[PDB]
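Read the single chain below, which is given as structure tokens and is the form deposited in one PDB entry.
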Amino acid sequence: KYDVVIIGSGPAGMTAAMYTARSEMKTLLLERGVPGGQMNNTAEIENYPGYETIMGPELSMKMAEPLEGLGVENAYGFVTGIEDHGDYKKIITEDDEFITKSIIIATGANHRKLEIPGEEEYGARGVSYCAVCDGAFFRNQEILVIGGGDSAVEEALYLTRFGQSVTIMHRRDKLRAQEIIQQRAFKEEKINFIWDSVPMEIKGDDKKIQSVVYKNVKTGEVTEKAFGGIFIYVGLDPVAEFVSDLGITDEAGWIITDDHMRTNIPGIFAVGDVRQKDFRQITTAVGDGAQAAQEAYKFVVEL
């Protein structure tokens, strides 16, 4: 009944959907939230070819805008499962089922947790995984950012608009982030570093975070220091719960594809951050999206 259903309306799904619709495939784009995916949780995007800088939520709106006119059917849906019925597939959401010849899974990734004490307890009250979402609640605080990658370092630089200071705690003595971003953080007077360290406990009073205990990974030295907020950027986990059963994921839960975005299962493709891969960017999300869309057309043409 659908030629293709695309699950998730971040940049990978939005690209796939634009391409399927332009092939005049009967296209459903399901999204549980706001179109844009992780881009809506991004302050400034500097490395999307075509824009010198752009706010994440504006890029999300720009990518979503043409879809309706192209004939993509945009619908609300949280997908809970997928069933392969050979020559068609069924997609189950909270309330609905959809039948389709092909599926492109574009559900992205989610913040990894530290799995330390206080992390759950201070959820709404000093612990955050989204700087653009939460930053302004921390005006004039001493903010802590955990991690050493692109997100941690970029989001620390963003947070310097709000905090008195921002400290980046990284578990080694060399960041992973792109060098241009490292150098910006090195130079920024309001960014401090706690190198070779990991957080052990987040502590607070009845109602908000007050301090963080941490440990040096070369010496075991343990320090407790006062902070007003903690933003955690320690990597990603796959958002692929609805395919756990299907035999298309690796040991960590990422969806395995070949170079044409195909899974094991004919007519089920995956694109973007949800895939097993190393390089998670908007550029490669878009690329993947386009490739899967062409592969889905071909698959359905053959069917």
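Quick note: we count residues from 1 along the sequence shown, nothing fancier. Residues that one form lacks are left out of the comparison. So that the term is clear: the rigid core is the largest set of C-alpha atoms that superpose within 1.5 Å between two forms.
The mean Cα B-factor in the deposited entry runs higher for 64 to 72 than for the other of 64 to 72 and 22 to 30. As listed in the deposited structure, the average C-alpha B-factor of 87 to 95 and of 197 to 205 is greater for 87 to 95.
For the set 122, 129, 227, 158, the PDB entry assigns the largest Cα B-factor to 122. Note on 133, 116, 109, 146: the highest value goes to 133, judged by CA B factor as recorded. Ranked by Cα temperature factor within the chain, residue 214 sits in the lowest third according to the deposited record. Per the deposited record, the Cα B-factor of residue 167 falls in the lowest third when ranked against the other modelled residues of its chain. When the modelled residues of the chain are ordered by their C-alpha B factor, residue 138 lands in the highest third. Split the chain's modelled residues into thirds by C-alpha temperature factor. Residue 270 is in the lowest one. Among all modelled residues in this chain, the alpha-carbon of residue 5 has a temperature factor (C-alpha) in the lowest third.
Another form exists, deposited in another entry; not displayed. Remarks below refer to it.
Fit the rigid core and compare the CA positions between the shown form and the other one: of 265, 234, 67, 45, just 234 moves by 2 angstroms or more.
In the other form, the CA atoms of residue 252 and residue 115 move apart by 3 angstroms or more relative to this form. Compared with the form shown here, the Cα atoms of residue 37 and residue 115 move at least 3 Å closer together in the other form. Comparing the conformations between the shown form and the other one, with the rigid core held fixed, yields only the displaced run 112 to 235, spanning 3+ consecutive residues whose C-alpha shift is 2 Å or more.
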